[PDB]
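Data first, discussion second: the structure below is written as structure tokens.
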Amino acid sequence: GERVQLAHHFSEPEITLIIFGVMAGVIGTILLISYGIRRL
Amino acid sequence: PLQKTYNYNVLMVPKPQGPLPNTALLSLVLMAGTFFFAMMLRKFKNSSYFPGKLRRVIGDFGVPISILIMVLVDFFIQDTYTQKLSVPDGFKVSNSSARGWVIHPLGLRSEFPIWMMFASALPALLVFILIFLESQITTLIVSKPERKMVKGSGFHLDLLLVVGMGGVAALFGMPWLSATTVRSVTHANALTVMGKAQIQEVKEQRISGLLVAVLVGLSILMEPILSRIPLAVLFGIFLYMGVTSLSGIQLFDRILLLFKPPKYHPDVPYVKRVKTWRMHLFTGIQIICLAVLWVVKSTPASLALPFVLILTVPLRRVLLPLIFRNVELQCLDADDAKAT
Amino acid sequence: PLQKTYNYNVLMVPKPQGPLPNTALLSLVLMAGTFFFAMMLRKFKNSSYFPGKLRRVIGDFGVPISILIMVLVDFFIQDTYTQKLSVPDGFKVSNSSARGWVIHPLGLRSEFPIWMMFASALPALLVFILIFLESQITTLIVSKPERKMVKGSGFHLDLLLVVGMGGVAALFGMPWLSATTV
Ligand SMILES: CCCCCCCC(=O)OC[C@H](COP(=O)(O)O[C@@H]1[C@H](O)[C@H](O)[C@@H](OP(=O)(O)O)[C@H](OP(=O)(O)O)[C@H]1O)OC(=O)CCCCCCC
Ligand SMILES: CCCCCCCC(=O)OC[C@H](COP(=O)(O)O[C@@H]1[C@H](O)[C@H](O)[C@@H](OP(=O)(O)O)[C@H](OP(=O)(O)O)[C@H]1O)OC(=O)CCCCCCC
Ligand SMILES: CCCCCCCCCCCC(=O)OC[C@H](COP(=O)(O)OCC[N+](C)(C)C)OC(=O)CCCCCCCCCCC
């Protein structure tokens, strides 16, 4: 970034990749839940 | 302000630090002139003067012609000050010491708390309702059947694109945008080909918006050109767009019919098949809704405007049939302007 | 003219002795606004809005309404100078030292020569030609059949009246007039 910034364990690509992965996981969870309903 | 005496040795950086002679009056003159020229060229497009194709061409470039004329007018008056367009110096962050081009979700200077990572959903909820309502209502207005758009409009792809691009741009420290109503209506109107009073076709294409976006991006490098364009010319242009966007609204037409005698009233289904006082009661209820929304927008609680606007759907779908017949609602609230 | 700097101490009597800020621009604004309101009310008279009789009345008073509106606008802007109508103080001759109300045909300060008494017939002929052509062409224009004038017009009585009152007013040191077209 700019100026003096706090150094985290994860870099920006790593943290955004893990957040996108978590979002994809919960999206798939809701999709599978909706696929389970309206069928049984 | 207009005053008898002025200080002549006032500092001119970065903006007027005091009143200046001839500034407000010249801004008024420029705004009125560009609005007048735009309206005159709009009437020239529909006029019967000159070769018709040349008149259609000249009329198509009416707003650029007016802009150029008033820009030249302000250019040739050198002593008077008028506020000009100012663009950033370069493609740099607006504050170098606060952030970079990319934002770390875990924090810049201090650790971002865990609870706000989950609590950001509620402001995200509000932003989603705002953007959804604005964009989908703009799509509904622009893609009306009476506007003669045959290429189709997608209500699912555009919402996904706009909101996803906003969410991605938030990660880069950039604003999330929305499909604005006035700009989109003006863009559709500028691509509409009129028949021989009746809409004939619209030039639906991807190149015009792409070129506008590219020029907006390139505006930083076009500083020597934009620095000679006054804001008063653009204000007259905005007034032109505002008065132009009311052409296809039946609410505006009925508000005009309030000031217009019934015998004059046009041959439209909501006039010929609905009583005049019933039509005016319909218009008055719509006017009350407009006043309520304007009042809401005037309070600090102006972010609740989407919900109050949503509340007009239960109004039309429940309370309006309690006082209006189905015939009256079909004639007044018609999707494609049909006589039931 | 529009300048970066003006003199804030400028003599005001009888007329400003130098340029003043906001004067020309406000004059343009008042002129444009007056013309705009006059034309909008003229359109409104022929329009289809409001009771027709009210629209005809409002549209009949369109020019006075525009004049009143822009006069009020100039009235509320008191800091800016605008040139106003200047009417003489009283019913007196413009030069009390050069002539009186009645002019002697034989001279005021010098005896009038006899040759110019007969030589006044040529300027009189020129004045008669000018007044005749102006007045009679104006009468032709206003009394056209397409203007729906049913009361008739006078081409012999009006010329006689105009030129006769001009000749009489010449004796009092006053201008001779004519029927003005506009
Ligand atoms: C700017 C031109 C300079 C003048 C140069 C002098 C030369 C000059 O321009 O005049 C001759 C020429 C005659 O050619 P012509 O009559 O064939 O051209 C008609 C003209 O283009 C109309 O505007 C068209 O109607 P619309 O509007 O498309 O519906 C009409 O088509 P349509 O629809 O009837 O089938 C055309 O036929 O133009 C004029 O019409 C007279 C207007 C003079 C224009 C004068 C403007 C100052
Ligand atoms: C302003 C007064 C009315 C207010 C509320 C309006 C309701 C109200 O008070 O009813 C009176 C009248 C309604 O119209 P209504 O049909 O009763 O009366 C006609 C109306 O006066 C036309 O302007 C006349 O045209 P014109 O003489 O031929 O040129 C026409 O004369 P004619 O065809 O028979 O010869 C009249 O018959 O008002 C309006 O004009 C409507 C918009 C008014 C403007 C509303 C905005 C305030
Ligand atoms: C119904 C609406 C009609 C609109 C018509 C507009 C006419 C403009 C009159 C000014 C022309 C002129 O001649 O301006 C020239 C003037 C003054 O001349 P100068 O040589 O500097 O004076 C010196 C003479 N001395 C020796 C007596 C001192 O210069 C200026 O300060 C420039 C001001 C121009 C502003 C133009 C206003 C906006 C015009 C466009 C509006 C759409």
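Quick note: numbers below take in every heavy atom, side chains included, and nothing from hydrogens, waters or symmetry partners. Numbering of ligands and ligand atoms starts at 1, following listing order. A, B, ... follow the sequence lines: proteins, then strands. Residue 1 opens every chain.
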message: With the threshold set strictly below 4.0 angstrom, can you tell me whether any protein non-hydrogen atom sits that near atom 27 (C) of ligand 3?
response: no
- prompt: Considering all protein heavy atoms, does one lie under 4.0 Å from atom 10 (C) of ligand 3?
  reply: no
- prompt: Considering only the protein, which heavy-atom contact is closest to atom 41 (C) of ligand 3, and what is its distance?
  reply: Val29(B) CG1, 4.1 Å
field: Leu2(C): numbered ligand 3 atoms lying under 4.0 Å from its heavy atoms
entry: 31 (O), 33 (C)
- request: Using a 4.0 Å heavy-atom threshold (strictly under), name the region of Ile77(B) that reaches ligand 3: side chain, backbone, both or neither.
  value: side chain
Heavy-atom neighbours of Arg42(C) CZ exceed 12 at 6.0 Å: no
- prompt: Out of curiosity, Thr180(B) OG1 to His187(B) NE2, how far, rounded to the nearest 0.5 Å?
  reply: 11.5 Å
- request: Kindly check if the number of other-residue, nucleotide or ligand heavy atoms within 6.0 Å of CZ (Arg183(B)) is above 12?
  value: no
message: Does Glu146(C) form a salt bridge (charged side-chain N to carboxylate O under 4.0 Å, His left out) with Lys144(C)? I'd like the steps, not just the answer.
response: CA-CA 5 Å; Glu146(C) 34 197 64; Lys144(C) 284 182 305 184; 3.7 Å; yes
Distance flag, aromatic centroids of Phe44(B) and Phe50(B), threshold under 6.0 Å: yes
- prompt: So which bit of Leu28(C) gets within less than 4.0 Å of ligand 3, heavy atoms only: side chain, backbone, both or neither?
  reply: side chain
- request: For atom 40 (C) of ligand 3, find the nearest protein heavy atom and state the residue, atom name and distance (0.1 Å precision).
  value: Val73(B) CG1, 4.3 Å
query: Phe235(B): what forms a ring-ring contact (aromatic ring centres under 6.0 Å, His included) with it, not counting sequence neighbours?
result: none
- prompt: Is there a donor-acceptor contact under 3.5 Å from the side chain of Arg254(B) to the main chain of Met279(B)?
  reply: no
message: Please tell me if atom 33 (C) of ligand 3 is touched by the protein, where touching means a protein heavy-atom distance below 4.0 Å.
response: yes
- request: Not counting sequence neighbours, list each pair that qualifies as a side chain to side chain donor-acceptor pair (under 3.5 Å) and has a residue in residues 10-39 of chain B.
  value: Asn22(B)-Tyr6(C)
- request: Could you tell me the residue and atom name of the protein heavy atom closest to atom 16 (C) of ligand 3, and the distance to it rounded to 0.1 Å?
  value: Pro1(C) CB, 4.8 Å
query: Of the protein's non-hydrogen atoms, which lies at the shortest distance from atom 42 (C) of ligand 3, and what is that distance?
result: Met70(B) CE, 4.0 Å
- prompt: For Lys203(B), which residues count as a salt bridge (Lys or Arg N to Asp or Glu O under 4.0 Å) partner, sequence neighbours excluded?
  reply: none
- prompt: Should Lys84(C) and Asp74(C) count as an ion pair when the cut-off is N to O under 4.0 Å?
  reply: yes
- line: Near ligand 2 (heavy atom, under 4.0 angstrom), the protein residues are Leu258(B), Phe259(B), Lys260(B), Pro261(B), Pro262(B), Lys263(B), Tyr264(B), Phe50(C), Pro51(C), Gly52(C), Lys53(C), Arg55(C), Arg56(C)
- request: Assess whether atom CE of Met222(B) is packed by more than 12 heavy atoms of other residues, nucleotides or ligands within 6.0 Å.
  value: yes
